[PDB]
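These notes concern the structure reproduced below.
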Amino acid sequence: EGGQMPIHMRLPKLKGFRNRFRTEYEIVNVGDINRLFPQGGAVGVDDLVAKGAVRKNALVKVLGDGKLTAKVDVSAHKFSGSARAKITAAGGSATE
Amino acid sequence: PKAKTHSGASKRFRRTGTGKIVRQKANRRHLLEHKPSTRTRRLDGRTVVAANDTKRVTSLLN
Amino acid sequence: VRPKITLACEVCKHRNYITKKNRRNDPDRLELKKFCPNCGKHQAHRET
Amino acid sequence: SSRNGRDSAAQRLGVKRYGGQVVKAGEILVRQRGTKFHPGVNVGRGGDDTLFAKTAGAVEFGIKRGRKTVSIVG
RNA sequence: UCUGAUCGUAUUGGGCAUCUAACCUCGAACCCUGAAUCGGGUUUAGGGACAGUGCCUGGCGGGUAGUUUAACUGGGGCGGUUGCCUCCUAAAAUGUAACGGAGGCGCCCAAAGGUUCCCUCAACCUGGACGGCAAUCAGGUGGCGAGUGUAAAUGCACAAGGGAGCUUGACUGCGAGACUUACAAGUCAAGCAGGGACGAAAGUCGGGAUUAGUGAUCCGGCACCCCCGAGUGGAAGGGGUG
RNA sequence: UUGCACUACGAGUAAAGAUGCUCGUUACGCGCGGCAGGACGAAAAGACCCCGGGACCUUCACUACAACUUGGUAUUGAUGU
RNA sequence: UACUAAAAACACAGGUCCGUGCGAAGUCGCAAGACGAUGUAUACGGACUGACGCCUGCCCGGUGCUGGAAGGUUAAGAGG
RNA sequence: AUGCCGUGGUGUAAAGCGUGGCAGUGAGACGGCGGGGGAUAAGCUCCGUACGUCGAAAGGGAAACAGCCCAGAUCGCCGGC
RNA sequence: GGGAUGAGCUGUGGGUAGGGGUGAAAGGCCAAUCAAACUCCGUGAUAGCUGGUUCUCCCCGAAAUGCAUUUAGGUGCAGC
RNA sequence: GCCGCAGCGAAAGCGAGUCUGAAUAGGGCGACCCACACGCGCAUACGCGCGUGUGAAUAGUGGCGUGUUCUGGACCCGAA
RNA sequence: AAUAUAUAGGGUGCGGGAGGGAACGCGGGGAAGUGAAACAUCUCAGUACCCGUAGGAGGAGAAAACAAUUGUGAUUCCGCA
Ligand SMILES: *C(=O)[C@H](CCSC)NC=O
Ligand SMILES: [Mg+2]
Ligand SMILES: [Mg+2]
Ligand SMILES: [Mg+2]
Ligand SMILES: [Mg+2]
Ligand SMILES: [Mg+2]
Ligand SMILES: [Mg+2]
Ligand SMILES: [Mg+2]
Ligand SMILES: [Mg+2]
Ligand SMILES: [Mg+2]
Ligand SMILES: [Mg+2]
Ligand SMILES: [Mg+2]
Ligand SMILES: [Mg+2]
Ligand SMILES: [Mg+2]
Ligand SMILES: [Mg+2]
Ligand SMILES: [Mg+2]
Ligand SMILES: [Mg+2]
Ligand SMILES: [Mg+2]
Ligand SMILES: [Mg+2]
Ligand SMILES: [Mg+2]
Ligand SMILES: [Mg+2]
Ligand SMILES: [Mg+2]
Ligand SMILES: [Mg+2]
Ligand SMILES: [Mg+2]
Ligand SMILES: [Mg+2]
Ligand SMILES: [Mg+2]
Ligand SMILES: [Mg+2]
Ligand SMILES: [Mg+2]
Ligand SMILES: [Mg+2]
Ligand SMILES: [Mg+2]
Ligand SMILES: [Mg+2]
Ligand SMILES: [Mg+2]
Ligand SMILES: [Mg+2]
Ligand SMILES: [Mg+2]
Ligand SMILES: [Mg+2]
Ligand SMILES: [Mg+2]
Ligand SMILES: [Mg+2]
Ligand SMILES: [Mg+2]
Ligand SMILES: [Mg+2]
Ligand SMILES: [Mg+2]
Ligand SMILES: [Mg+2]
Ligand SMILES: [Mg+2]
Ligand SMILES: [Mg+2]
Ligand SMILES: [Mg+2]
Ligand SMILES: [Mg+2]
Ligand SMILES: [Mg+2]
Ligand SMILES: [Mg+2]
Ligand SMILES: [Mg+2]
Ligand SMILES: [Mg+2]
Ligand SMILES: [Mg+2]
Ligand SMILES: [Mg+2]
Ligand SMILES: [Mg+2]
Ligand SMILES: [Mg+2]
Ligand SMILES: [Mg+2]
Ligand SMILES: [Mg+2]
Ligand SMILES: [Mg+2]
Ligand SMILES: [Mg+2]
Ligand SMILES: [Mg+2]
Ligand SMILES: [Mg+2]
Ligand SMILES: [Mg+2]
Ligand SMILES: [Mg+2]
Ligand SMILES: [Mg+2]
Ligand SMILES: [Mg+2]
Ligand SMILES: [Mg+2]
Ligand SMILES: [Mg+2]
Ligand SMILES: [Mg+2]
Ligand SMILES: [Mg+2]
Ligand SMILES: [Mg+2]
Ligand SMILES: [Mg+2]
Ligand SMILES: [Mg+2]
Ligand SMILES: [Mg+2]
Ligand SMILES: [Zn+2]
């Protein structure tokens with residue numbers, strides 16, 4: 001910047017560390033289970049890959065934004081809190 | 001070859017979910033006795049990089 | 001001549017406040033009633 | 001040689017909102033040293049005598065026993 | 001068998017002295033050697049666990065090597081100056097240069113802060129033991145000429161000036177909205193909750209009449225919170241908040 | 001050496017010292033031999049000064065190293081006191 | 001000072017100081033080795049003065065150089 | 001007096017503002033007016049001016065004459081004001 | 001013009017090499033070059049500095065100010 | 001494998017939310033069509049929440065051109 | 001041999017080495033200009049250069065390996081991460 005202390009040395013560093021052992025979760029909403037699977041059924045981790053809602057070879061996690069009216073039977077890692085409420089309200093189940 | 005990024009700007013800036021760029025504020029690491037709590041709360045948290053520095057900061061992060 | 005003293009609590013011994021006094025006008029340790037956020041109420045505070 | 005030459009920064013004092021001008025609540029009206037103007041209805045003083053606004057309205061100036069005042073008509 | 005003393009043995013270090021066998025000798029002789037002031041070997045005369053050399057470590061070190069040694073400036077050097085705060089220049093908003101004109105700051109105060117109540121100053125005049133132009137008293141006059149911890153300007157007699165009572169808001173969690181601004185910073189803030197001070201209440205209080213009394217980042221230090229813990233349980237280290 | 005060329009002088013004017021611009025005044029066209037006032041004549045990207053870079057030189061500028069020097073340990077052992 | 005300086009500059013014989021006891025001190029080399037010198041303090045290396053004559057005063061606080069070790073300060077190793 | 005800030009009218013195409021791509025500039029010059037430094041000297045120096053021209057603007061005028069006065073060249077004409 | 005039996009001059013052969021040599025000492029000389037030779041290579045060294053950068057036309061059109069700067073003939077951001 | 005598909009937090013973690021905090025207080029960052037009748041406990045009217053759609057407007061990614069930019073000698077020429 | 005056991009050495013007889021080559025390979029020594037708008041840590045770069053030594057390729061190569069409660073199973077090389 002011409003001699004004054006630059007913008008990348010005036011400001012302080014962002015606080016914290018990065019977790020070396022952080023486990024990520026790919027994400028599907030429960031309103032996408034409704035649109036992709038309108039008649040319900042067994043919704044596994046492999047059927048969400050092929051229908052184009054989650055990636056390959058990753059831990060999944062079912063969150064709860066949307067309206068679920070289908071009667072699904074969803075199997076996934078690490079369900080949410082508002083997601084179990086909307087799946088069992090439609091008569092389904094939710095196993096790990 | 002492949003484009004290197006600036007190691008100092010990646011430790012001082014980051015991006016939000018809609019593409020804004022944020023930073024922390026200065027005058028807070030030491031000499032904190034004479035600074036009243038009306039000043040250390042103004043200097044707390046994060047703000048957005050100002051619109052006149054957003055072009056040099058974008059081309060250091062990328 | 002005016003050092004920076006710090007005020008530790010009397011119950012939890014947390015060091016909540018920092019201020020300045022005069023060493024020669026006030027040779028002893030200051031005692032003030034200040035709000036302690038750990039206890040949630042006003043306690044006593046000597047120096048360290 | 002000289003012993004002069006140093007000055008300070010300019011502090012940008014003065015009336016920041018004139019008469020009849022519609023303000024929002026919290027707006028700095030007359031920044032100054034001391035009480036050149038005094039606070040009136042819906043105007044609070046401030047630490048360094050800054051004379052901000054307490055309620056949205058229009059600024060009007062007047063006299064209240066020799067001291068000239070800033071008020072806000074809600 | 002505790003405190004102290006002294007004697008003895010064993011095992012270990014440091015001094016001093018002697019020894020020879022490592023090592024040392026450009027002292028001497030002999031052989032390889034026919035030709036050798038080289039080298040090597042044998043023997044002898046001496047030195048001797050020292051010296052020399054390896055590794056570690058202090059010293060000393062322009063002998064040598066790499067470099068640094070600021071800018072403004074009526075040329076450069078010499079002298080001076082560099083950040084902050086107030087005034088004038090500055091042309092009746094704000095801002096405005098010069099090595100233009102004057103001055104302050106790198107603090108101070110545990111009350112000189114917070115609150116509730118109460119008071120009016122300086123100067124002049126008249127009377128009074130020591131007492132004088134001027135100490136304290138008494139009475140007239142006096143609307144700001146005194147005072148403000150500290151420079152100047154803007155304020156302040158409604159007092160922000162003087163005095164007294166109780167006190168710690170010289171708070172923790174925040175902050176709608178603004179000023180100023182290239183950016184970094186700087187500054188003001190109604191109001192909401194916690195737990196308090198003073199007040200009968202209304203209310204006021206996030207230091208000081210206001211603006212100077214200060215230093216970005218990096219790297220660290222300490223206190224606490226228990227967030228991560230390189231297979232696991234811990235720990236070392238790291239992280240947050242002051 | 002060389003941007004040109006049928007390349008006057010005076011008083012002005014202009015980047016402040018004009019063959020080239022203004023207003024005048026003077027001068028037939030071309031050579032040859034001489035003199036050196038001007039063409040800011042030619043020659044050398046000023047040696048002075050200043051700003052930036054370099055080199056080499058000095059020291060009680062800084063940070064290093066060789067040389068010299070101290071101690072421990074290794075080579076390195078025995079016996080007395 | 002070849003190529004703008006031949007001088008009052010350097011050298012010089014004489015002087016004094018300091019170092020050197022002998023594969024010396026000093027120098028050239030990482031070393032071996034070499035010069036010194038086939039020399040041995042009347043010799044050799046360094047520094048300054050510069051034939052000769054008469055002379056060369058006072059100062060050891062500062063900075064060196066030489067000697068000393070009572071005291072303080074001070075490394076690795078040993079100790080743990 | 002002007003200047004400045006807000007507002008309600010009236011007028012005005014190539015004004016304003018927010019956000020992206022690519023810049024150049026950061027040596028200024030004289031003249032009008034208000035000032036500082038200078039001797040109320042300078043073709044001097046340093047600031048102010050919704051002031052001008054040159055810079056980056058040709059033409060006409062001031063004899064010549066970047067910066068003064070008139071006026072801003074799209075092209076053509078042997079027309080006019 | 002100076003020396004010209006001397007510290008003379010000269011021929012032939014040899015030795016000393018680049019932070020080195022050699023120097024009766026001038027920073028002199030080391031192949032017409034020396035306050036550190038020459039040649040190849042690193043190498044197309046770097047230069048906030050000077051020079052240069054080539055065909056056309058149509059629309060619009062600046063700036064020489066602010067703030068910061070080991071900065072003042074450079075540059076970042078704003079202004080245009 | 002890369003970019004897109006969910007963000008927030010220093011992180012544990014929670015997830016159309018989340019961090020801060022004592023807070024169902026306020027902020028930060030993130031998400032969220034009422035141009036649309038209708039139906040709903042709406043109604044002086046616009047709305048509130050959710051259906052039905054009248055079937056509203058999001059969107060990325062890979063190639064090839066261009067303008068700048070990064071690392072390379074990087075527009076070309078030139079030192080001591 | 002000195003000198004005794006013997007060795008150093010010498011006599012004789014068969015093999016082998018030496019030096020060259022444009023690149024590539026392995027092992028060892030190792031810059032500065034430069035970039036950091038100065039500079040020494042750092043960079044330039046284990047680059048340029050030098051030394052030893054090969055082969056038609058060389059080096060590495062048969063777990064005292066990774067991994068994380070499951071597992072992969074010598075090395076080299078190319079693409080990702
Ligand atoms: C100074 O005048 C002198 C002469 C330069 S020539 C104009 N400087 C050095 O010799
Ligand atoms: Mg900290
Ligand atoms: Mg604090
Ligand atoms: Mg006291
Ligand atoms: Mg001063
Ligand atoms: Mg001022
Ligand atoms: Mg040197
Ligand atoms: Mg260098
Ligand atoms: Mg200068
Ligand atoms: Mg001068
Ligand atoms: Mg003004
Ligand atoms: Mg004005
Ligand atoms: Mg009080
Ligand atoms: Mg008072
Ligand atoms: Mg304080
Ligand atoms: Mg806020
Ligand atoms: Mg309360
Ligand atoms: Mg009470
Ligand atoms: Mg308050
Ligand atoms: Mg204050
Ligand atoms: Mg004050
Ligand atoms: Mg740093
Ligand atoms: Mg572990
Ligand atoms: Mg810890
Ligand atoms: Mg906090
Ligand atoms: Mg003629
Ligand atoms: Mg003339
Ligand atoms: Mg003429
Ligand atoms: Mg002509
Ligand atoms: Mg002639
Ligand atoms: Mg001449
Ligand atoms: Mg000439
Ligand atoms: Mg020149
Ligand atoms: Mg010395
Ligand atoms: Mg000569
Ligand atoms: Mg010797
Ligand atoms: Mg002697
Ligand atoms: Mg001497
Ligand atoms: Mg002499
Ligand atoms: Mg002599
Ligand atoms: Mg002495
Ligand atoms: Mg633009
Ligand atoms: Mg500049
Ligand atoms: Mg300028
Ligand atoms: Mg100007
Ligand atoms: Mg004038
Ligand atoms: Mg001028
Ligand atoms: Mg120009
Ligand atoms: Mg013109
Ligand atoms: Mg124009
Ligand atoms: Mg004209
Ligand atoms: Mg004319
Ligand atoms: Mg003769
Ligand atoms: Mg003669
Ligand atoms: Mg003669
Ligand atoms: Mg020869
Ligand atoms: Mg020569
Ligand atoms: Mg050199
Ligand atoms: Mg290179
Ligand atoms: Mg170049
Ligand atoms: Mg135009
Ligand atoms: Mg600086
Ligand atoms: Mg720019
Ligand atoms: Mg994140
Ligand atoms: Mg929220
Ligand atoms: Mg070979
Ligand atoms: Mg280097
Ligand atoms: Mg550099
Ligand atoms: Mg450079
Ligand atoms: Mg072969
Ligand atoms: Mg092999
Ligand atoms: Zn407590």
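Quick note on naming: the chains in the structure tokens go A, B, ... in the order shown, residues restart at 1 in each chain, and ligands are numbered from 1 in order of appearance.
Taking only C-alpha atoms (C1' of nucleotides) and all ligand atoms into account, every polymer residue with at least one atom at most 12 Å away from ligand 55 is listed here: residues 1, 2, 3 and 4 of chain I.
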Could you list, as a PDB file with C-alpha atoms (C1' of nucleotides), in the first residue's frame, all residues that come within 12 Å of ligand 15? Count only C-alpha atoms (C1' of nucleotides) and all ligand atoms.
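Below is the file that was written, part02.pdb:
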ATOM      1  CA  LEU B  31      -3.895  -1.542  26.997  1.00  0.00           C
ATOM      2  CA  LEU B  32      -7.432  -2.066  28.221  1.00  0.00           C
ATOM      3  CA  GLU B  33      -7.553  -0.185  31.538  1.00  0.00           C
ATOM      4  CA  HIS B  34      -8.312   3.293  30.243  1.00  0.00           C
ATOM      5  CA  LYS B  35     -10.713   2.068  27.565  1.00  0.00           C
ATOM      6  CA  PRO B  36     -14.261   2.188  28.952  1.00  0.00           C
ATOM      7  CA  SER B  37     -16.756  -0.569  28.273  1.00  0.00           C
ATOM      8  CA  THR B  38     -18.509   1.722  25.786  1.00  0.00           C
ATOM      9  CA  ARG B  39     -15.354   1.375  23.672  1.00  0.00           C
TER      10      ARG B  39
ATOM     11  CA  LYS C   4      -2.543  -0.534  37.638  1.00  0.00           C
ATOM     12  CA  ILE C   5      -4.077  -2.533  40.452  1.00  0.00           C
ATOM     13  CA  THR C   6      -6.584  -5.317  39.894  1.00  0.00           C
ATOM     14  CA  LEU C   7      -9.579  -6.023  42.116  1.00  0.00           C
ATOM     15  CA  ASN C  16     -13.233  -8.785  37.624  1.00  0.00           C
ATOM     16  CA  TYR C  17     -12.057  -5.171  37.491  1.00  0.00           C
ATOM     17  CA  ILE C  18      -8.905  -3.156  36.831  1.00  0.00           C
ATOM     18  CA  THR C  19      -8.257   0.490  37.694  1.00  0.00           C
ATOM     19  CA  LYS C  20      -5.582   2.818  39.084  1.00  0.00           C
ATOM     20  CA  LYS C  21      -4.838   4.222  42.524  1.00  0.00           C
TER      21      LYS C  21
ATOM     22  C1'   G E 113     -16.207  10.358  41.233  1.00  0.00           C
ATOM     23  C1'   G E 169     -22.573   3.461  38.371  1.00  0.00           C
ATOM     24  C1'   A E 170     -14.349   4.770  38.047  1.00  0.00           C
ATOM     25  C1'   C E 171     -21.057  -1.428  36.905  1.00  0.00           C
ATOM     26  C1'   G E 206     -21.753   2.917  32.343  1.00  0.00           C
ATOM     27  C1'   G E 207     -15.712   8.510  36.217  1.00  0.00           C
ATOM     28  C1'   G E 208     -14.196  13.974  36.338  1.00  0.00           C
TER      29        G E 208
END
For the contact check between chain H and chain B, emit one row per residue of chain H within 12 Å, containing the shortest atom pair and the distance in Å rounded to one decimal, counting only C-alpha atoms (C1' of nucleotides), chain then rising number order, as CSV.
residue,atom,partner,partner_atom,distance
H:18,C1',B:51,CA,11.6
H:19,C1',B:51,CA,9.9
H:20,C1',B:55,CA,10.6
H:21,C1',B:55,CA,11.9
Grab the residues selected above and save them as a PDB file, in the first residue's frame with N, CA, C and O atoms (P, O5', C5', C4', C3', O3' and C1' of nucleotides).
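Saved as part_5.pdb:
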ATOM      1  P     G H  18     -23.219   6.684  -4.224  1.00  0.00           P
ATOM      2  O5'   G H  18     -23.877   5.239  -4.323  1.00  0.00           O
ATOM      3  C5'   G H  18     -24.703   4.747  -3.280  1.00  0.00           C
ATOM      4  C4'   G H  18     -25.348   3.433  -3.644  1.00  0.00           C
ATOM      5  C3'   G H  18     -24.412   2.326  -4.092  1.00  0.00           C
ATOM      6  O3'   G H  18     -23.795   1.661  -3.012  1.00  0.00           O
ATOM      7  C1'   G H  18     -26.256   2.444  -5.558  1.00  0.00           C
ATOM      8  P     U H  19     -22.268   1.187  -3.112  1.00  0.00           P
ATOM      9  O5'   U H  19     -22.290   0.039  -4.207  1.00  0.00           O
ATOM     10  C5'   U H  19     -22.693  -1.272  -3.858  1.00  0.00           C
ATOM     11  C4'   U H  19     -22.872  -2.136  -5.075  1.00  0.00           C
ATOM     12  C3'   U H  19     -21.606  -2.515  -5.819  1.00  0.00           C
ATOM     13  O3'   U H  19     -20.916  -3.591  -5.219  1.00  0.00           O
ATOM     14  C1'   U H  19     -23.255  -1.807  -7.355  1.00  0.00           C
ATOM     15  P     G H  20     -19.353  -3.790  -5.500  1.00  0.00           P
ATOM     16  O5'   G H  20     -19.324  -4.579  -6.876  1.00  0.00           O
ATOM     17  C5'   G H  20     -18.214  -4.483  -7.749  1.00  0.00           C
ATOM     18  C4'   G H  20     -18.533  -5.098  -9.080  1.00  0.00           C
ATOM     19  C3'   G H  20     -17.503  -4.901 -10.167  1.00  0.00           C
ATOM     20  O3'   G H  20     -16.381  -5.750 -10.057  1.00  0.00           O
ATOM     21  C1'   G H  20     -19.599  -4.367 -11.023  1.00  0.00           C
ATOM     22  P     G H  21     -14.914  -5.124 -10.169  1.00  0.00           P
ATOM     23  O5'   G H  21     -14.621  -5.112 -11.728  1.00  0.00           O
ATOM     24  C5'   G H  21     -14.784  -6.278 -12.516  1.00  0.00           C
ATOM     25  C4'   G H  21     -14.616  -5.974 -13.980  1.00  0.00           C
ATOM     26  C3'   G H  21     -13.436  -5.099 -14.339  1.00  0.00           C
ATOM     27  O3'   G H  21     -12.202  -5.778 -14.363  1.00  0.00           O
ATOM     28  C1'   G H  21     -15.333  -4.308 -15.449  1.00  0.00           C
TER      29        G H  21
END
| query | Leaving out residue 21 in chain I and any residue of its chain fewer than 6 positions from it, which residues lie within 12 Å of it when counting only C-alpha atoms (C1' of nucleotides), given as number ranges by chain? | reply | I: 15, 29-30, 36-37
Practice problem: Compute the set of protein, DNA and RNA residues whose minimum atom distance to ligand 38 is at most 9 Å, using only C-alpha atoms (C1' of nucleotides) and all ligand atoms, and state it as a list in words. | Solution: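 The distance check yields residues 16, 17, 18, 47 and 48 of chain G.
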Resulting file, chosen residues, N, CA, C and O atoms (P, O5', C5', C4', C3', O3' and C1' of nucleotides), as a PDB file, in the first residue's frame:
ATOM      1  P     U G  16      70.905   4.005  20.393  1.00  0.00           P
ATOM      2  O5'   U G  16      69.499   3.742  21.062  1.00  0.00           O
ATOM      3  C5'   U G  16      68.940   4.691  21.944  1.00  0.00           C
ATOM      4  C4'   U G  16      67.445   4.720  21.830  1.00  0.00           C
ATOM      5  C3'   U G  16      66.721   3.449  22.197  1.00  0.00           C
ATOM      6  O3'   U G  16      66.593   3.263  23.588  1.00  0.00           O
ATOM      7  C1'   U G  16      65.815   4.321  20.216  1.00  0.00           C
ATOM      8  P     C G  17      66.498   1.786  24.184  1.00  0.00           P
ATOM      9  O5'   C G  17      65.015   1.331  23.852  1.00  0.00           O
ATOM     10  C5'   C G  17      63.919   1.936  24.511  1.00  0.00           C
ATOM     11  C4'   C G  17      62.610   1.622  23.839  1.00  0.00           C
ATOM     12  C3'   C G  17      62.182   0.171  23.828  1.00  0.00           C
ATOM     13  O3'   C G  17      61.642  -0.276  25.049  1.00  0.00           O
ATOM     14  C1'   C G  17      61.883   1.078  21.691  1.00  0.00           C
ATOM     15  P     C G  18      61.981  -1.744  25.583  1.00  0.00           P
ATOM     16  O5'   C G  18      60.965  -2.687  24.813  1.00  0.00           O
ATOM     17  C5'   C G  18      59.569  -2.451  24.841  1.00  0.00           C
ATOM     18  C4'   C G  18      58.875  -3.193  23.732  1.00  0.00           C
ATOM     19  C3'   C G  18      59.199  -4.668  23.617  1.00  0.00           C
ATOM     20  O3'   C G  18      58.513  -5.494  24.532  1.00  0.00           O
ATOM     21  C1'   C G  18      59.392  -3.675  21.500  1.00  0.00           C
ATOM     22  P     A G  47      56.723  -2.423  10.320  1.00  0.00           P
ATOM     23  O5'   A G  47      56.651  -1.427  11.542  1.00  0.00           O
ATOM     24  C5'   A G  47      55.460  -1.271  12.284  1.00  0.00           C
ATOM     25  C4'   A G  47      55.684  -0.313  13.409  1.00  0.00           C
ATOM     26  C3'   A G  47      56.270   1.012  13.004  1.00  0.00           C
ATOM     27  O3'   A G  47      55.314   1.903  12.475  1.00  0.00           O
ATOM     28  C1'   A G  47      57.451   0.187  14.845  1.00  0.00           C
ATOM     29  P     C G  48      55.696   2.871  11.265  1.00  0.00           P
ATOM     30  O5'   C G  48      56.552   4.019  11.947  1.00  0.00           O
ATOM     31  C5'   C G  48      55.913   5.087  12.628  1.00  0.00           C
ATOM     32  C4'   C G  48      56.800   5.688  13.686  1.00  0.00           C
ATOM     33  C3'   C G  48      57.871   6.642  13.210  1.00  0.00           C
ATOM     34  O3'   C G  48      57.409   7.937  12.901  1.00  0.00           O
ATOM     35  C1'   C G  48      58.828   5.116  14.693  1.00  0.00           C
TER      36        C G  48
END
Test item: residues no farther than 10 Å from ligand 61, counting only C-alpha atoms (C1' of nucleotides) and all ligand atoms, as a list in words:
residues 59, 60 and 61 of chain I
Those selected residues, please, written with C-alpha atoms (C1' of nucleotides) and delivered as a PDB file, in the first residue's frame.
ATOM      1  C1'   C I  59     -18.977   8.325 -29.280  1.00  0.00           C
ATOM      2  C1'   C I  60     -17.553  10.331 -24.387  1.00  0.00           C
ATOM      3  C1'   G I  61     -13.537  12.582 -21.953  1.00  0.00           C
TER       4        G I  61
END
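The shortest atom-to-atom distance to chain A, with only C-alpha atoms (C1' of nucleotides) taken into account, belongs to K:37 out of K:37, K:44, K:80, K:68.
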- Query: If you count only C-alpha atoms (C1' of nucleotides) and all ligand atoms, which residues end up within 10 Å of ligand 5, as a ChimeraX atom specification?
  - Reply: /D:3-6 /E:103-105
So which residues are near ligand 59, meaning at most 9 Å away with only C-alpha atoms (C1' of nucleotides) and all ligand atoms counted, given back as a PDB file with C-alpha atoms (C1' of nucleotides), in the first residue's frame?
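Result written to selection39.pdb:
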ATOM      1  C1'   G I  42      24.582 -17.878 -12.944  1.00  0.00           C
ATOM      2  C1'   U I  43      22.079 -14.543 -17.066  1.00  0.00           C
ATOM      3  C1'   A I  45      21.387  -9.880 -13.144  1.00  0.00           C
TER       4        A I  45
ATOM      5  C1'   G K  33      23.003 -11.363  -8.283  1.00  0.00           C
ATOM      6  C1'   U K  34      17.696 -11.416  -6.907  1.00  0.00           C
ATOM      7  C1'   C K  44      16.709 -17.047  -4.659  1.00  0.00           C
ATOM      8  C1'   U K  47      19.326 -23.922  -8.235  1.00  0.00           C
ATOM      9  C1'   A K  48      24.377 -22.628 -11.127  1.00  0.00           C
TER      10        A K  48
END
Residue neighbourhood range 7-21 of chain D, 7 Å, only C-alpha atoms (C1' of nucleotides), exclusion window fewer than 2 positions, as number ranges by chain: D: 5, 23, 28-32, 58-61; E: 85, 94; H: 5-6
Those residues you just picked out, can you put them in a file as a PDB file, in the first residue's frame with C-alpha atoms (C1' of nucleotides)?
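Written out: out_19.pdb:
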ATOM      1  CA  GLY D   5       4.108  25.262  13.834  1.00  0.00           C
ATOM      2  CA  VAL D  23     -34.817  13.990  12.172  1.00  0.00           C
ATOM      3  CA  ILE D  28     -26.785  14.220  16.633  1.00  0.00           C
ATOM      4  CA  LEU D  29     -28.007  17.789  16.210  1.00  0.00           C
ATOM      5  CA  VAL D  30     -25.506  20.346  17.565  1.00  0.00           C
ATOM      6  CA  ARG D  31     -22.001  19.134  18.331  1.00  0.00           C
ATOM      7  CA  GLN D  32     -20.061  21.668  20.395  1.00  0.00           C
ATOM      8  CA  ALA D  58     -38.664  18.332  13.374  1.00  0.00           C
ATOM      9  CA  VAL D  59     -35.971  20.545  14.884  1.00  0.00           C
ATOM     10  CA  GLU D  60     -36.961  24.044  15.961  1.00  0.00           C
ATOM     11  CA  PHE D  61     -34.906  26.684  17.765  1.00  0.00           C
TER      12      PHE D  61
ATOM     13  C1'   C E  85      -4.852  19.047  22.533  1.00  0.00           C
ATOM     14  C1'   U E  94     -17.732  22.356   7.682  1.00  0.00           C
TER      15        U E  94
ATOM     16  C1'   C H   5     -28.481  23.094   5.338  1.00  0.00           C
ATOM     17  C1'   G H   6     -33.823  21.419   4.999  1.00  0.00           C
TER      18        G H   6
END
Considering only C-alpha atoms (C1' of nucleotides), return as a PyMOL selection string whatever protein or nucleic-acid residues lie within 12 Å of residue 74 in chain I, sequence-local ones (same chain, fewer than 4 positions apart) excluded.
-> (chain A and resi 1-3) or (chain F and resi 52) or (chain H and resi 26) or (chain I and resi 48-49+69) or (chain K and resi 37)
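For ligand 11, the set of protein, DNA and RNA residues within 8 Å, based on only C-alpha atoms (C1' of nucleotides) and all ligand atoms, reads residues 90, 93, 94 and 95 of chain E.
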### Task
Write out as a PyMOL selection string every residue belonging to chain E that has an atom at most 12 Å from any atom of chain B, counting only C-alpha atoms (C1' of nucleotides).
chain E and resi 170-175+181-189+206-207+213-218+241-242
Considering only C-alpha atoms (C1' of nucleotides), return as a PDB file with C-alpha atoms (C1' of nucleotides), in the first residue's frame whatever protein or nucleic-acid residues lie within 12 Å of residue 56 in chain A, sequence-local ones (same chain, fewer than 3 positions apart) excluded.
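Saved as part_22.pdb:
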ATOM      1  CA  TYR A  25     -22.522 -34.266   7.562  1.00  0.00           C
ATOM      2  CA  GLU A  26     -24.064 -33.922   4.151  1.00  0.00           C
ATOM      3  CA  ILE A  27     -27.571 -32.591   4.408  1.00  0.00           C
ATOM      4  CA  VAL A  45     -28.570 -43.656   2.361  1.00  0.00           C
ATOM      5  CA  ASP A  46     -28.154 -45.235  -1.094  1.00  0.00           C
ATOM      6  CA  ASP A  47     -31.486 -44.068  -2.500  1.00  0.00           C
ATOM      7  CA  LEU A  48     -30.783 -40.442  -1.624  1.00  0.00           C
ATOM      8  CA  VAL A  49     -27.542 -40.605  -3.610  1.00  0.00           C
ATOM      9  CA  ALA A  50     -29.141 -41.861  -6.816  1.00  0.00           C
ATOM     10  CA  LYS A  51     -32.095 -39.457  -6.718  1.00  0.00           C
ATOM     11  CA  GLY A  52     -29.693 -36.520  -6.534  1.00  0.00           C
ATOM     12  CA  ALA A  53     -30.127 -35.038  -3.091  1.00  0.00           C
ATOM     13  CA  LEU A  59     -22.291 -39.335   6.322  1.00  0.00           C
ATOM     14  CA  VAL A  60     -25.825 -38.056   5.874  1.00  0.00           C
TER      15      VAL A  60
ATOM     16  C1'   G J   1     -11.838 -35.861  -7.872  1.00  0.00           C
TER      17        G J   1
END
### Task
Kindly compile the residues surrounding ligand 41 within 12 Å, counting only C-alpha atoms (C1' of nucleotides) and all ligand atoms, and format them as a list in words.
residues 60, 61, 62, 63, 64 and 66 of chain G
